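Presented below is the structure to which this report refers.
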Amino acid sequence: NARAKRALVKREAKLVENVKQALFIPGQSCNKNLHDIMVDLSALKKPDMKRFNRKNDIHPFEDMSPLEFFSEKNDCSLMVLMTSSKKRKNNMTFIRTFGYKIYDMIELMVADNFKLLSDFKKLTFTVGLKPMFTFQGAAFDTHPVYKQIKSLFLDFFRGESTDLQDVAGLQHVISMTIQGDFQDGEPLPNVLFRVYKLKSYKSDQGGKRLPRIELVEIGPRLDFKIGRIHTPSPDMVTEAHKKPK
Amino acid sequence: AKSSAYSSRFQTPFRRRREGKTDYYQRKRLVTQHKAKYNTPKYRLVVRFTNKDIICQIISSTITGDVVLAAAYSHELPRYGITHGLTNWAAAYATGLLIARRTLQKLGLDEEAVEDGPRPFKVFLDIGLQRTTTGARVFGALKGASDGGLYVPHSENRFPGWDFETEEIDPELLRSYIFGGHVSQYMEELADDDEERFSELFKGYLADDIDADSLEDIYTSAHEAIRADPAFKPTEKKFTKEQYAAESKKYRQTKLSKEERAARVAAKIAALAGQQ
Amino acid sequence: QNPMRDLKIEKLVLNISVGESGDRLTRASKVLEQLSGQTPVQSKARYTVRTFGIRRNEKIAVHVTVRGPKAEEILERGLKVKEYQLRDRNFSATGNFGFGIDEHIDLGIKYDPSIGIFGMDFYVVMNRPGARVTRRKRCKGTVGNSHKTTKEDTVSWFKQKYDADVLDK
Amino acid sequence: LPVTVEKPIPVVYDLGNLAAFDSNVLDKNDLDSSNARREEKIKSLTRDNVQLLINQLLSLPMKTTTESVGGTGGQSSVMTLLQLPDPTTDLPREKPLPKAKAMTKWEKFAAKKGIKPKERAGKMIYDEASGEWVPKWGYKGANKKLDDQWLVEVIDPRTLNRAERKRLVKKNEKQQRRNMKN
RNA sequence: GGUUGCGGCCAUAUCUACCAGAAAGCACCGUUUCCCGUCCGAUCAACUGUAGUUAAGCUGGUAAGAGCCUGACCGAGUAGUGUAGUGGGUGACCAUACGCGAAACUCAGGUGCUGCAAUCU
RNA sequence: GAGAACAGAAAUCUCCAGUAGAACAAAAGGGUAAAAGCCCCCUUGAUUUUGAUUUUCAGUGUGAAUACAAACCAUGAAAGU
């Protein structure tokens with residue numbers, strides 16, 4: 001009389017909201033290494049994430065019925081898919097919604113340089129925790145789609161925005177450094193999935209107070225090519241960028 | 001005998017479910033540490049009740065699957081003097097002491113934590129598929145961990161010696177318990193009446209004739225020894241992987257190749273149903 | 001080969017049905033209590049049949065599950081009074097049988113008509129070394145397809161120890 | 001061992017989510033695919049960046065708590081922790097404001113008719129001829145006081161009591177279905 | 001490496017029949033004061049490997065076994081969807097042609113790998 | 001179904017088992033299998049203290065309730081719920 005009512009009042013909105021939930025329903029085409037791809041690449045938002053079992057012959061960017069249906073029905077906001085073809089080979093969907101509708105649909109050509117976490121020496125980790133991000137390049141702020149993919153990761157890998165924090169579970173980071181300069185109207189630089197850590201050491205000039213941080217490369221060292229991009233309404237900005245008050 | 005649609009649609013349980021080695025339902029209530037205050041590492045406890053083994057460990061949850069950092073055993077007893085009872089209640093309490101001492105020395109405090117301070121730990125327990133009750137060896141081992149130097153959130157309503165009608169902790173019975181009261185009391189209350197059961201139990205202790213007083217001297221000396229040294233230097237592993245696999249690999253079956261198995265099919269088409 | 005694999009008894013469950021709830025049920029049941037020691041519980045009549053005298057959640061089933069040396073004794077009595085011979089049927093596909101004795105008066109006590117002296121039915125359970133995988137919650141596992149006693153093995157066992165005979169197959 | 005890097009465009013921080021953003025320029029092929037020094041070079045650049053991070057993110061205000069074991073929405077004694085500001089960015093929400101506003105034809109009554117909504121004191125009300133406290137509604141209480149006693153001194157009128165109450169709560173339900181349709 | 005413990009991913013992972021199970025964890029299975037649990041030592045629990053320990057526990061092969069993954073644009077640049085028109089047009093419309101885009105059957109390949117404390121003659 | 005002498009087509013005990021059609025204040029694409037599917041124990045919840053909605057003729061250094069947070073609350077050994 002209250003189970004799917006506690007669940008329902010969770011599913012209901014909030015003012016100072018919770019974390020946002022992800023959705024991974026395989027398309028009509030996958031591969032074993034793609035099973036590996038999903039696990040290793042989304043391997044941090046576990047728990048708060050959704051996976052599926054079967055496949056779909058689907059077109060995401062034309063109509064927006066089916067995955068909207070699935071997401072409304074599973075209470076989530078972060079749709080993902082891996083769409084494959086001969087021409088649009090490896091043109092995956094990393095799309096965020098807004099209010100069970102969709103804000104902007106993003107498809108990245110996922111490059112063929114798949115370097116998994118087992119591609120290097122295994123390490124430890126504190127699972128699920130909230131990561132750090134670094135973003136180098138003025139294109140991360142002057143290139144609209146670089147801004148889009150930036151904020152996409154910034155709201156997917158964001159985690160629970162909680163004031164209190166402790167150095168201990170503050171270990172891991174993404175390194176974002178775009179593949180060089182650009183100009184508008186030409187072939188584009190690509191993004192680098194660069195999962196690294198921050199390891200503490202005396203600076204001999206920072207010493208006890210200021211450490212010296214060293215990162216270790218373990219993977220999964222992946223790359224991202226841009227794909228097909230949407231550009232939603234400005235009323236979307238009116239509803240999306242405000243305050244509860 | 002199952003059909004085609006049945007077994008071409010149906011679903012499997014989990015692999016670690018196929019065995020009695022994980023209660024994922026509580027693993028999902030633990031992987032949620034709270035989990036909404038803020039980030040702070042996991043310190044969990046794993047106990048398994050196996051014959052001849054006292055398996056008590058402390059894991060780190062990782063994407064590489066797990067890295068159990070802390071571990072306890074039974075074979076490091078001769079250095080503490082008492083060696084028998086690799087399972088019993090004295091064993092539970094003793095290893096609860098010993099894990100405390102080793103993890104103490106491996107933090108390296110007694111005689112990164114950024115500028116403040118020592119920060120003593122709080123290690124919990126994920127119950128596993130052993131049920132939780134009172135009056136047993138599990139919570140005696142918990143007492144051992146506590147009085148060694150762990151700090152576990154719990155109540156004493158579980159400590160053997162706990163009264164649940166009039167909520168009474170019996171410090172006298174617990175003291176007798178600790179110095180060898182219930183076990184050696186069973187020994188003598190069986191021995192004043194019969195020797196066959198008395199002999200069946202304490203298979204060497206019957207031959208060394210150690211009375212409760214002397215095994216409580218063992219208790220004391222071993223307590224002070226645990227507090228002294230968490231040394232725990234393991235086996236040298238004589239006859240390494242090569243010779244271990246000489247044993248474990250001299251009588252193992254390997255794959256029968258496609259040419260051989262197709263020749264077995266050739267047998268099937270020549271003599272079996274190929275008209276004798 | 002039989003190094004250790006035998007067919008020891010696990011438990012003897014009685015199966016008594018009543019077409020009424022009252023002093024009759026409780027009379028045969030107090031008889032059960034003096035017989036066993038563990039008070040014969042009440043189990044619900046599943047739901048009404050209306051032809052047999054039963055309704056829903058009535059608590060009309062009373063079964064006792066006997067173990068321990070008392071079990072060997074009650075089986076020796078409950079075959080001796082059966083003349084060490086039972087009927088053709090009741091051999092379970094598991095290696096057991098459920099058979100009944102008319103008028104339990106036939107052994108021991110006197111009648112006392114006003115306490116409950118009726119006909120009863122037993123159902124035995126066996127076991128094989130290796131079959132304790134069901135009982136232990138942990139190590140939840142399987143058994144061999146041939147390592148489990150069946151109808152052939154319960155005919156074998158009705159021939160085997162306790163030296164029982166079958167009354168025309 | 002160093003602490004200060006050179007940023008020809010000095011970097012920015014956004015700490016509610018533990019982030020830093022640089023607006024410096026990169027040569028086209030400095031980070032390209034065909035590099036076998038891709039690891040060393042890009043990892044050294046972001047190494048300088050995260051050096052900047054950890055030199056920045058340590059002299060902040062904290063929150064020491066003088067309470068000991070048992071801190072419900074908080075900590076034990078032994079630690080001292082670091083806090084987070086709000087990031088200078090508005091990340092995507094999930095909904096509009098979870099609003100619920102209406103009139104339900106009763107709110108207009110509360111306003112125009114000078115009716116202050118009641119104070120909801122409690123439930124266990126005192127019923128004479130009993131000698132006890134029994135709730136206005138909650139244990140066969142002051143609600144059900146006619147389907148209990150033995151004679152009423154006025155077709156049984158008890159069933160009539162119950163059916164009248166059913167008509168009442170149904171009128172409640174009709175005027176609630178209206179309010180939830182509007 | 002056997003595996004003890006935890007797993008990561010959840011049928012290559014299970015079910016169907018053997019054989020091997022040579023070391024040690026691994027189990028089967030004997031006892032019952034006090035802690036104890038219920039209708040019961042059925043489960044827990046006081047004892048060691050105790051009495052029985054390879055028959056299940058358990059891995060493997062053994063079997064084109066049943067069921068499941070990958071690839072052959074293999075179908076397939078398929079149909080088709082908006083992209084040129086007084087092309088086609090009495091009508092249920094198909095084209096050239098460009099964005100994109102097959103799917104299944106099909107033809108074969110395979111029926112579990114990693115990490116940390118541990119014991120091996 | 002194999003079983004199942006009083007008792008059988010529907011009275012009580014095992015087994016293979018239906019991966020469920022487990023049973024859901026359902027309707028779901030789905031979906032919990034040590035379960036939301038039964039019963040055995042435990043208890044009060046309409047607590048109070050503070051910012052936003054307003055708001056009273058002693059327009060009550062916030063009195064009224066709404067939402068949110070804590071503080072306590074019951075449970076459990078326990079992190080938890």
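The chains in the structure tokens are called A, B, ... from first to last as shown; in each chain the residues are counted from 1, and the ligands are counted from 1 in the order shown.
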Residues of chain F no more than 10 Å from chain C, counting only C-alpha atoms (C1' of nucleotides): send them over as a PDB file with C-alpha atoms (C1' of nucleotides), in the first residue's frame.
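What landed in out-v4.pdb:
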```pdb
ATOM      1  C1'   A F   2       4.999 -40.371  -9.690  1.00  0.00           C
ATOM      2  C1'   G F   3       3.488 -41.089  -5.115  1.00  0.00           C
ATOM      3  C1'   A F   4      -1.064 -40.642  -1.302  1.00  0.00           C
ATOM      4  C1'   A F   5      -4.976 -48.267   2.859  1.00  0.00           C
ATOM      5  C1'   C F   6     -10.372 -44.613   6.568  1.00  0.00           C
ATOM      6  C1'   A F   7      -9.615 -40.245   2.587  1.00  0.00           C
ATOM      7  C1'   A F  10     -10.463 -31.433  -4.995  1.00  0.00           C
ATOM      8  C1'   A F  11      -8.350 -33.883   3.402  1.00  0.00           C
ATOM      9  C1'   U F  12      -2.426 -35.074   4.930  1.00  0.00           C
ATOM     10  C1'   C F  13       3.638 -36.469   3.648  1.00  0.00           C
ATOM     11  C1'   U F  14       8.345 -36.435  -0.653  1.00  0.00           C
ATOM     12  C1'   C F  15      10.081 -35.914  -5.556  1.00  0.00           C
ATOM     13  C1'   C F  16      10.781 -34.090 -10.231  1.00  0.00           C
ATOM     14  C1'   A F  34      16.710 -15.150   0.928  1.00  0.00           C
TER      15        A F  34
END
```
I'd like the contact shell of residue A:14 - 12 Å cut-off, only C-alpha atoms (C1' of nucleotides), skipping same-chain residues fewer than 6 positions apart - returned as JSON, numbers by chain.
{"A": [20, 99, 244], "D": [93, 94, 95, 96, 97, 98, 99, 100], "F": [67, 68]}
For the residues in that selection, give me N, CA, C and O atoms (P, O5', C5', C4', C3', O3' and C1' of nucleotides) as a PDB file, in the first residue's frame.
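Once written, part.pdb looks like this:
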```
ATOM      1  N   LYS A  20      21.095  11.900 -10.875  1.00  0.00           N
ATOM      2  CA  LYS A  20      20.351  11.583 -12.084  1.00  0.00           C
ATOM      3  C   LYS A  20      20.725  10.188 -12.567  1.00  0.00           C
ATOM      4  O   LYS A  20      21.877   9.767 -12.431  1.00  0.00           O
ATOM      5  N   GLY A  99      13.201  16.336 -18.278  1.00  0.00           N
ATOM      6  CA  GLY A  99      11.797  16.234 -17.948  1.00  0.00           C
ATOM      7  C   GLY A  99      11.087  15.191 -18.780  1.00  0.00           C
ATOM      8  O   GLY A  99       9.998  15.441 -19.302  1.00  0.00           O
ATOM      9  N   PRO A 244      15.260  27.124  -7.754  1.00  0.00           N
ATOM     10  CA  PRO A 244      14.037  26.782  -7.005  1.00  0.00           C
ATOM     11  C   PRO A 244      13.367  27.954  -6.301  1.00  0.00           C
ATOM     12  O   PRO A 244      12.151  28.125  -6.438  1.00  0.00           O
TER      13      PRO A 244
ATOM     14  N   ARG D  93      18.798  20.432 -14.745  1.00  0.00           N
ATOM     15  CA  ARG D  93      17.867  19.883 -13.779  1.00  0.00           C
ATOM     16  C   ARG D  93      17.182  18.660 -14.381  1.00  0.00           C
ATOM     17  O   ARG D  93      17.487  18.222 -15.492  1.00  0.00           O
ATOM     18  N   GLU D  94      16.242  18.093 -13.640  1.00  0.00           N
ATOM     19  CA  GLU D  94      15.494  16.961 -14.157  1.00  0.00           C
ATOM     20  C   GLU D  94      14.053  17.311 -14.492  1.00  0.00           C
ATOM     21  O   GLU D  94      13.437  16.628 -15.317  1.00  0.00           O
ATOM     22  N   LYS D  95      13.513  18.368 -13.892  1.00  0.00           N
ATOM     23  CA  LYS D  95      12.116  18.748 -14.052  1.00  0.00           C
ATOM     24  C   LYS D  95      11.975  20.261 -14.102  1.00  0.00           C
ATOM     25  O   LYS D  95      12.978  20.983 -14.058  1.00  0.00           O
ATOM     26  N   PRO D  96      10.756  20.773 -14.245  1.00  0.00           N
ATOM     27  CA  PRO D  96      10.448  22.102 -13.706  1.00  0.00           C
ATOM     28  C   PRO D  96      10.320  22.080 -12.189  1.00  0.00           C
ATOM     29  O   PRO D  96      10.588  21.059 -11.550  1.00  0.00           O
ATOM     30  N   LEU D  97       9.912  23.201 -11.610  1.00  0.00           N
ATOM     31  CA  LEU D  97       9.669  23.264 -10.178  1.00  0.00           C
ATOM     32  C   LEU D  97       8.538  22.316  -9.793  1.00  0.00           C
ATOM     33  O   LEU D  97       7.451  22.388 -10.379  1.00  0.00           O
ATOM     34  N   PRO D  98       8.732  21.449  -8.800  1.00  0.00           N
ATOM     35  CA  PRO D  98       7.727  20.415  -8.510  1.00  0.00           C
ATOM     36  C   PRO D  98       6.450  20.975  -7.907  1.00  0.00           C
ATOM     37  O   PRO D  98       5.999  20.516  -6.854  1.00  0.00           O
ATOM     38  N   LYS D  99       5.845  21.937  -8.597  1.00  0.00           N
ATOM     39  CA  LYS D  99       4.817  22.777  -8.006  1.00  0.00           C
ATOM     40  C   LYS D  99       3.532  22.008  -7.734  1.00  0.00           C
ATOM     41  O   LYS D  99       3.240  20.989  -8.363  1.00  0.00           O
ATOM     42  N   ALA D 100       2.757  22.522  -6.778  1.00  0.00           N
ATOM     43  CA  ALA D 100       1.396  22.050  -6.531  1.00  0.00           C
ATOM     44  C   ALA D 100       0.613  23.227  -5.955  1.00  0.00           C
ATOM     45  O   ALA D 100       0.771  23.561  -4.778  1.00  0.00           O
TER      46      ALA D 100
ATOM     47  P     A F  67       3.654  19.004   4.051  1.00  0.00           P
ATOM     48  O5'   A F  67       4.952  19.426   3.236  1.00  0.00           O
ATOM     49  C5'   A F  67       4.921  19.535   1.821  1.00  0.00           C
ATOM     50  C4'   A F  67       6.155  20.222   1.306  1.00  0.00           C
ATOM     51  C3'   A F  67       7.456  19.736   1.913  1.00  0.00           C
ATOM     52  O3'   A F  67       7.931  18.574   1.257  1.00  0.00           O
ATOM     53  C1'   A F  67       7.393  22.109   1.928  1.00  0.00           C
ATOM     54  P     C F  68       8.848  17.498   2.020  1.00  0.00           P
ATOM     55  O5'   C F  68      10.204  18.286   2.306  1.00  0.00           O
ATOM     56  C5'   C F  68      11.002  18.783   1.241  1.00  0.00           C
ATOM     57  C4'   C F  68      12.154  19.608   1.749  1.00  0.00           C
ATOM     58  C3'   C F  68      12.921  19.037   2.928  1.00  0.00           C
ATOM     59  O3'   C F  68      13.822  18.008   2.583  1.00  0.00           O
ATOM     60  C1'   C F  68      12.503  21.315   3.310  1.00  0.00           C
TER      61        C F  68
END
```
Can you list every residue of chain B that has an atom at most 9 Å from chain C, with its nearest atom pair and the distance in Å to one decimal, using only C-alpha atoms, ordered by chain then number, as CSV?
```
residue,atom,partner,partner_atom,distance
B:18,CA,C:140,CA,7.5
B:19,CA,C:139,CA,5.8
B:20,CA,C:138,CA,4.5
B:21,CA,C:138,CA,7.4
B:129,CA,C:138,CA,6.0
B:130,CA,C:138,CA,7.5
```
Keeping N, CA, C and O atoms for every residue in the selection just given, could you write it to a file as a PDB file, in the first residue's frame?
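Written out: part30.pdb:
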```pdb
ATOM      1  N   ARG B  18      24.867 -18.974  -7.624  1.00  0.00           N
ATOM      2  CA  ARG B  18      24.851 -20.424  -7.796  1.00  0.00           C
ATOM      3  C   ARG B  18      25.411 -21.147  -6.582  1.00  0.00           C
ATOM      4  O   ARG B  18      25.111 -22.326  -6.361  1.00  0.00           O
ATOM      5  N   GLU B  19      26.217 -20.455  -5.788  1.00  0.00           N
ATOM      6  CA  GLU B  19      26.792 -20.957  -4.554  1.00  0.00           C
ATOM      7  C   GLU B  19      26.286 -20.135  -3.375  1.00  0.00           C
ATOM      8  O   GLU B  19      25.772 -19.026  -3.535  1.00  0.00           O
ATOM      9  N   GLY B  20      26.446 -20.689  -2.181  1.00  0.00           N
ATOM     10  CA  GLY B  20      26.145 -19.943  -0.978  1.00  0.00           C
ATOM     11  C   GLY B  20      27.312 -19.102  -0.505  1.00  0.00           C
ATOM     12  O   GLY B  20      27.889 -19.366   0.553  1.00  0.00           O
ATOM     13  N   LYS B  21      27.663 -18.075  -1.282  1.00  0.00           N
ATOM     14  CA  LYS B  21      28.826 -17.248  -0.989  1.00  0.00           C
ATOM     15  C   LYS B  21      28.554 -15.748  -0.995  1.00  0.00           C
ATOM     16  O   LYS B  21      29.499 -14.974  -0.811  1.00  0.00           O
ATOM     17  N   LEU B 129      26.044 -15.726   4.493  1.00  0.00           N
ATOM     18  CA  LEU B 129      24.959 -16.689   4.622  1.00  0.00           C
ATOM     19  C   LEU B 129      25.051 -17.514   5.904  1.00  0.00           C
ATOM     20  O   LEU B 129      24.534 -18.639   5.958  1.00  0.00           O
ATOM     21  N   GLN B 130      25.705 -16.974   6.933  1.00  0.00           N
ATOM     22  CA  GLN B 130      25.596 -17.439   8.309  1.00  0.00           C
ATOM     23  C   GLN B 130      24.650 -16.512   9.055  1.00  0.00           C
ATOM     24  O   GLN B 130      24.815 -15.291   9.015  1.00  0.00           O
TER      25      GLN B 130
END
```
Closest atom pairs, chain A residues within 7 Å of chain F, only C-alpha atoms (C1' of nucleotides), as a Markdown table:
```
| residue | atom | partner | partner_atom | distance |
| --- | --- | --- | --- | --- |
| A:1 | CA | F:25 | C1' | 6.0 |
| A:3 | CA | F:36 | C1' | 6.7 |
| A:70 | CA | F:29 | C1' | 6.8 |
```
Suppose we keep C-alpha atoms; can you now write the selection as a JSON list (two decimals), in the first residue's frame?
```
[["chain", "number", "residue", "atom", "x", "y", "z"],
["A", 1, "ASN", "CA", 0.00, 0.00, 0.00],
["A", 3, "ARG", "CA", 5.95, 0.30, -1.56],
["A", 70, "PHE", "CA", 11.63, 3.42, -21.71]]
```
Pull the helix (DSSP H, G or I) assignments for stretch 8-139 of chain C out of DSSP run on the backbone, and list those residues as a PyMOL selection string.
chain C and resi 23-36+69-80+104-106
Please, could you write that set of residues out with N, CA, C and O atoms as a compact mmCIF listing (two decimals), in the first residue's frame?
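File written: selection19.txt
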```
# COMPACT_ATOMS: atom_id res chain seq x y z
N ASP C 23 -13.26 -31.98 20.19
CA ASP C 23 -12.69 -32.86 21.20
C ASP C 23 -12.14 -34.14 20.58
O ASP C 23 -11.23 -34.74 21.15
N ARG C 24 -12.65 -34.55 19.43
CA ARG C 24 -12.08 -35.71 18.73
C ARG C 24 -10.66 -35.41 18.26
O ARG C 24 -9.73 -36.19 18.50
N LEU C 25 -10.51 -34.30 17.53
CA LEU C 25 -9.19 -33.84 17.12
C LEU C 25 -8.25 -33.76 18.31
O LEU C 25 -7.15 -34.33 18.29
N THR C 26 -8.69 -33.09 19.37
CA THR C 26 -7.83 -32.87 20.52
C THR C 26 -7.57 -34.16 21.29
O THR C 26 -6.52 -34.29 21.93
N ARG C 27 -8.49 -35.12 21.24
CA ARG C 27 -8.29 -36.39 21.93
C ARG C 27 -7.20 -37.21 21.26
O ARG C 27 -6.23 -37.62 21.90
N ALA C 28 -7.36 -37.45 19.95
CA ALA C 28 -6.28 -38.11 19.22
C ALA C 28 -4.98 -37.33 19.35
O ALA C 28 -3.90 -37.92 19.36
N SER C 29 -5.08 -36.00 19.51
CA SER C 29 -3.88 -35.18 19.57
C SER C 29 -3.17 -35.31 20.92
O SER C 29 -1.95 -35.35 20.97
N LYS C 30 -3.93 -35.36 22.02
CA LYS C 30 -3.31 -35.59 23.32
C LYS C 30 -2.69 -36.99 23.37
O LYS C 30 -1.64 -37.20 23.99
N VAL C 31 -3.36 -37.95 22.73
CA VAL C 31 -2.72 -39.24 22.49
C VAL C 31 -1.39 -39.05 21.77
O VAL C 31 -0.37 -39.66 22.12
N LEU C 32 -1.36 -38.18 20.76
CA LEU C 32 -0.11 -37.92 20.06
C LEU C 32 0.92 -37.29 20.99
O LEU C 32 2.12 -37.55 20.87
N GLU C 33 0.47 -36.46 21.93
CA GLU C 33 1.41 -35.77 22.80
C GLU C 33 2.07 -36.74 23.77
O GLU C 33 3.29 -36.71 23.96
N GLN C 34 1.28 -37.64 24.36
CA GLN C 34 1.90 -38.71 25.14
C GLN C 34 2.75 -39.63 24.27
O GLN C 34 3.69 -40.25 24.77
N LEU C 35 2.44 -39.72 22.97
CA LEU C 35 3.21 -40.61 22.11
C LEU C 35 4.56 -40.03 21.74
O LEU C 35 5.52 -40.78 21.52
N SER C 36 4.65 -38.71 21.62
CA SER C 36 5.81 -38.06 21.03
C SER C 36 6.55 -37.15 22.01
O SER C 36 7.78 -37.25 22.14
N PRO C 69 16.00 -42.20 18.39
CA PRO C 69 15.79 -43.63 18.69
C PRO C 69 14.33 -44.01 18.83
O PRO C 69 13.94 -45.14 18.49
N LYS C 70 13.50 -43.08 19.31
CA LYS C 70 12.06 -43.32 19.33
C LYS C 70 11.53 -43.63 17.95
O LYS C 70 10.55 -44.36 17.81
N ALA C 71 12.19 -43.12 16.90
CA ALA C 71 11.74 -43.40 15.54
C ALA C 71 11.98 -44.85 15.15
O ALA C 71 11.08 -45.52 14.62
N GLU C 72 13.19 -45.36 15.40
CA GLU C 72 13.45 -46.78 15.17
C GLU C 72 12.49 -47.64 15.97
O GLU C 72 12.00 -48.67 15.47
N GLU C 73 12.19 -47.24 17.20
CA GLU C 73 11.28 -48.04 18.01
C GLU C 73 9.87 -48.03 17.46
O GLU C 73 9.21 -49.07 17.36
N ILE C 74 9.37 -46.85 17.08
CA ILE C 74 8.00 -46.77 16.57
C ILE C 74 7.88 -47.46 15.22
O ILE C 74 6.83 -48.00 14.89
N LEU C 75 8.96 -47.49 14.42
CA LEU C 75 8.92 -48.25 13.17
C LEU C 75 8.94 -49.74 13.44
O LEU C 75 8.23 -50.51 12.77
N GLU C 76 9.74 -50.19 14.41
CA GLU C 76 9.73 -51.61 14.72
C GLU C 76 8.36 -52.04 15.22
O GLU C 76 7.86 -53.10 14.84
N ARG C 77 7.70 -51.20 16.02
CA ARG C 77 6.36 -51.53 16.48
C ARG C 77 5.35 -51.47 15.34
O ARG C 77 4.52 -52.37 15.19
N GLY C 78 5.40 -50.40 14.54
CA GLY C 78 4.52 -50.15 13.43
C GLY C 78 4.79 -50.96 12.19
O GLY C 78 4.18 -50.70 11.15
N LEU C 79 5.75 -51.87 12.26
CA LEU C 79 5.84 -53.00 11.34
C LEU C 79 5.53 -54.33 12.01
O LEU C 79 4.92 -55.20 11.38
N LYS C 80 5.93 -54.51 13.27
CA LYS C 80 5.62 -55.74 13.99
C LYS C 80 4.12 -55.96 14.06
O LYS C 80 3.64 -57.08 13.86
N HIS C 104 -4.62 -48.40 16.46
CA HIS C 104 -3.36 -48.36 17.20
C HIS C 104 -3.43 -49.02 18.57
O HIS C 104 -2.41 -49.21 19.23
N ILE C 105 -4.64 -49.35 19.02
CA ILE C 105 -4.85 -50.07 20.27
C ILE C 105 -4.04 -51.36 20.29
O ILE C 105 -3.58 -51.80 21.34
N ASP C 106 -3.83 -51.95 19.10
CA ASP C 106 -3.28 -53.30 18.98
C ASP C 106 -1.93 -53.47 19.68
O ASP C 106 -1.47 -54.61 19.83
```
List as a ChimeraX atom specification the protein and nucleic acid residues near residue E:38, meaning an atom at most 12 Å away when only C-alpha atoms (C1' of nucleotides) are counted, but skip any in the same chain fewer than 5 places from it.
/C:38 /E:43-44 /F:40
Once you count only C-alpha atoms (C1' of nucleotides), what closest atom pair and distance in Å to one decimal does each residue of stretch 51-164 of chain A within 12 Å of stretch 60-75 of chain E have, with rows by chain and rising residue number, as a tab-separated table?
```
residue	atom	partner	partner_atom	distance
A:85	CA	E:73	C1'	10.1
A:86	CA	E:73	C1'	7.8
A:87	CA	E:73	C1'	10.7
```
